Structures are given as C-alpha cells and as structure tokens.
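Below, each value reflects all heavy atoms present in this structure, side chains not excepted, and no hydrogens, waters or symmetry copies. Quick note on labels: first sequence line is chain A, next is B, and so on, each numbered from 1.
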Amino acid sequence: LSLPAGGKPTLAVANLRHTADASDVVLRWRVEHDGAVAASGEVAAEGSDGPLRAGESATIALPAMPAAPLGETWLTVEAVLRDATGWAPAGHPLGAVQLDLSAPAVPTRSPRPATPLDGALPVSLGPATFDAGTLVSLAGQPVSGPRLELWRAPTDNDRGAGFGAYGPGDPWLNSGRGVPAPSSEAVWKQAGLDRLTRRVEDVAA
Amino acid sequence: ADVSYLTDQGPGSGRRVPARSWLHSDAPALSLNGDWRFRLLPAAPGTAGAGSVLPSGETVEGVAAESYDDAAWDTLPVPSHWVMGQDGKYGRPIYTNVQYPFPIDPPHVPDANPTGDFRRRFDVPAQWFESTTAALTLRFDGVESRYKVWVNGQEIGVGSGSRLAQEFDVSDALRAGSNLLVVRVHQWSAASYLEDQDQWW
Ligand SMILES: [Cl-]
Ligand code: NA
C-alpha cells in the first residue's frame, strides 16, 4: 500500500503462486477511525487479461479516503478466499497489509517540568493514593509500582549459544556466524539483571 | 531529623573519648549486658525510602526519649546477634565471600536495611557523682555495623568499626539512680563498605 502525493491509496498486488490465478481470492479493504470502521469494500485480483495470473502483478487505485480530522485513520487490505475449500471456510484470510492515513498528529500538551517544593507530599492525586510518596492504590484497588524491570523470563533463543552473537562485529563477516559468546541468559544472570534492587534517592512535592 | 550519619565516611561523631588500652583497672565499673528491650525495623527511619517504617505518630528519633511507649517490645540478649538464637524471628545470617550483598555505590546502602532499636534501663550509684570521680565513660566493645547512642534522651554520638572498641563521655547525661540508654543499630551503613570480610554478615 502507498499514497502517491495528492493521489488516492494505491494497492500493489502480486500473484506469487506457481500455477493458479487469483480468481479464488477477493481483496477486502476497510478504513477505521480510531479502530471504528468508517468505510469498506471489495476488489478483485485482476491482471491485464482476467484474474491475476501466477507470476503477474498489478496496481489498483482504491476509493479516496480522507483522514479523520481528529485521531488516527488506518486502511487495512486483506486477501481472503472467496469460497470454502475442504480445509478452510469461505472468507479465510491469506495475508493482509496496512497503511497509516492519519492527519498530522496533535501531540497532547504535557505539564511543564516543575521545581520540587518543601513540605508535605500529596496523599492522593487523581485516581492514585500514596503513603509517604509510595503508591498504594489506583482507582479503588490496591496497587504497587511502578518498578523498573530489565529482566525478562529468558526465551529458548535467549538461552542458546550455538551460533555466535551478532553484537561484537559486522554481522556480514564470518559467513554471518557471529562471534563466539555465552547465551544472553548467561550474561544477564552474570550482570544480576534478574535481581535489581530499588533505592530511593529523594521524594518531593 | 538529620540521618546523614548513616552514609557519612568519617570515623564516627559525638562525645568520643580518645583511644586507649583495654586495662584491668580497679576503677568502679558496671556491665550493661543482659536482656534489653528490642525491636527490629525493616528500614532506617528518616531515610527517603522509609517514609512509613515507624508506628503512627512516632518521630524519626523519638525512640530516644525517656517518655516512650516500649511496653509491647520483645527482649533480646546483649551481647548477641539478632539474626542468631531466635529461630529466624529477626532474619537470618547472609554469607558472601568477596561479593558485597548490596550495590557497589559508595557510600549509599539499600532501603531494606534491618535496623535494631535497643532500650536499656539501669541504675548508677550516687557516689559516682561525687568529686572522687572525674568522668563517666560508656564503652562498646563491638557493634555491627553503625550505631547511634542516646542517654536520658540526649544524643551522645555515633559509632563505626564493627570489631573495634569505642568509648563515649556520658558525664553530663547520667544521673544518680535510674537511667535510660537507647542504641539504634543498622545492619548496613557506609562502614559496611570497609567490612567485606569472607564470613557471615
Ligand atoms: Cl528492591
Ligand atoms: Na563478604
């Protein structure tokens, strides 16, 4: 998907199949304003002579889709099966693409950075309650935090050490085999990333 | 209330007596050893991360006062370690060899800092205030790690050097008859950086 300057959204389609044309596929599109459908439709996967042939590509101009003046506007196109097969239902998706059509963002205006004051800490702020500056509740429920975390439960890949690591060198060197190194998990545990401690330096109104 | 004593890198403060020998003298003396009133706090009062460590209404250093409600406090033998002989009631020993059990960020220590408050009432003979006595000395032969001392509500000083002796001049704080000694002891302090021996903490 692309939006040529002053143009309308343009969909590039390639049939990368070995033999079958795209007559079994329908291209469905929808535009959503902050996730709510604003418009939608269907087009066929057509080439220069009927259904787009195996190995053929085409480009199609979709309807104009002006941005919502507020919030985000997203176009989604999906290739789906027109008809059920023995193994999938009618409308089974094959793959999809999106394009951001949103009007230039209005970033919300954040509060000015403020100088700390002497004296008493607030005990409550909006939905939050604090006990000597420590969060104890949000919106009627007991809550603690926030607490910095650098640890994640190592994935099986995070635990692997067969290929080398890519960090220490140009990854294109050494046939892309990396540089011999311990697993991520090993270095994370050696650095104590799983057992960070929190020390309060200061608290101020 | 100033709790910079906890991270101070100096030798200790207050009414310090010049270092001398441990001697067998016939001077009048008494042992304050015995069962003292004790409580364990999880953090050092008055530090930025300990905003609600103390009971409602208690001031940062209100434990020093002669007017203090310690009725409900447990007792602990002195000398002892609070992490020994108590079936884990006040925590357990921690063994490291080389590694420090806290971040290497001198002179800062963790917020989780077991802090023991000790309160001891004792009697001093009227005769110790007669002109035959020049001064009254309070001696600690070993406290792990840093501690602050109050006598009859008056701050006497702060000690460091866990296996080193420290004497304080309590001539002006003591009285004949009944007296109060209050000692606040922190597990971790700036002194912990100087005390990384291969042994149990
Ligand atoms: Cl922590
Ligand atoms: Na050690």
Side-chain angles (χ1 to χ4, degrees), chain B residues 1 5 12-41 45 54-55 57-86 89-90 114-186:
Chain B
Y5 72 93
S13 62
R15 309 183 197 176
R16 310 182 71 213
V17 177
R20 57 173 185 147
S21 312
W22 175 86
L23 297 162
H24 292 289
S25 156
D26 62 7
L30 57 96
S31 180
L32 265 22
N33 290 0
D35 293 324
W36 296 32
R37 306 306 292 269
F38 176 79
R39 63 150 176 209
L40 182 74
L41 301 169
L54 288 179
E58 190 175 333
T59 61
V60 169
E61 302 188 315
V63 69
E66 285 186 83
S67 149
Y68 185 82
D69 183 19
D70 57 354
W73 287 26
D74 268 61
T75 75
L76 209 250
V78 164
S80 77
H81 306 278
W82 70 68
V83 296
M84 297 295 281
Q86 304 294 332
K89 190 179 182 166
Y90 307 116
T115 292
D117 288 344
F118 290 83
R119 294 186 45 100
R120 174 68 164 171
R121 292 133 183 111
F122 60 103
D123 288 320
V124 181
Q127 212 209 174
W128 286 25
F129 300 82
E130 293 178 10
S131 60
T132 44
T133 293
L136 303 171
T137 293
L138 167 67
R139 179 188 182 90
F140 292 89
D141 278 287
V143 181
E144 184 165 324
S145 68
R146 192 159 286 179
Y147 60 99
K148 183 169 195 175
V149 179
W150 300 263
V151 166
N152 293 326
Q154 300 179 26
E155 183 182 325
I156 294 306
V158 172
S160 263
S162 288
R163 283 61 60 142
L164 300 182
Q166 183 64 61
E167 292 187 327
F168 301 94
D169 185 356
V170 290
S171 304
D172 296 328
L174 289 183
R175 61 166 87 96
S178 180
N179 287 274
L180 176 68
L181 169 66
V182 177
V183 179
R184 174 166 278 164
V185 177
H186 305 281

I need the [X] [atom1] to [Y] [atom2] distance, nearest 0.5 Å.
X	Y	atom1	atom2	value
B:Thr115	B:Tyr147	OG1	OH	15.5 Å
B:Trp128	B:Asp123	CH2	CG	11.0 Å
B:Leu32	B:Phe122	CG	CZ	5.0 Å
B:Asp35	B:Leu76	CG	CG	8.5 Å
B:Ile156	B:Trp150	CD1	CH2	11.0 Å

query: Thinking salt bridges, do B:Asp74 and B:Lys89 make one under a 4.0 Å N-O criterion?
result: yes
Looking at B:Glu144 and B:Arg163, is there a salt bridge between them, counting it only when a charged N and a carboxylate O are closer than 4.0 Å? yes
[Y] backbone acceptor or donor facing [X] side chain under 3.5 Å:
X	Y	result
B:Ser145	B:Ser160	no
B:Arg120	B:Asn179	no
B:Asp69	B:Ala71	yes

Between B:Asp70 and the options B:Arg119, B:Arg37, B:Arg39, the side-chain hydrogen bond (donor to acceptor under 3.5 Å, both in side chains) test singles out B:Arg119
* To do: State whether the number of non-hydrogen atoms from other residues, nucleotides or ligands found under 6.0 Å of B:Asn33 atom CG is greater than 12.
  => yes
Which atom names give the shortest non-hydrogen contact between [X] and [Y], and what distance separates them?
X	Y	value
B:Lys148	B:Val158	CG-CG2, 3.9 Å
B:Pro77	B:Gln86	CD-NE2, 3.7 Å
B:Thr132	B:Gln127	OG1-O, 4.4 Å
B:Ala126	B:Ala176	CA-CB, 3.6 Å
B:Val151	B:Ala173	CG1-CB, 3.7 Å
B:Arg184	B:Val63	NH2-CG1, 3.4 Å

Indicate yes or no: at least one non-hydrogen side-chain atom of [X] is less than 4.5 angstrom from one of [Y].
X	Y	result
B:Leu181	B:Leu138	yes
B:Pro125	B:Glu130	no
B:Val143	B:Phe118	no
B:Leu54	B:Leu41	yes
B:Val78	B:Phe38	no
B:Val170	B:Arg15	no
B:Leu180	B:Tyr68	no
B:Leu136	B:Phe129	yes

Practice problem: Check the pair B:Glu155 / B:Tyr5 against side chain to side chain contact (heavy atoms under 4.5 Å, CB included), numbers first and verdict last. | Solution: CA-CA 12 Å; B:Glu155 183 182 325; B:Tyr5 72 93; over 6 Å; no
Contacts of B:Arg16 meeting salt bridge (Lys or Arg N to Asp or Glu O under 4.0 Å) (sequence neighbours excluded), chain-then-number -> none
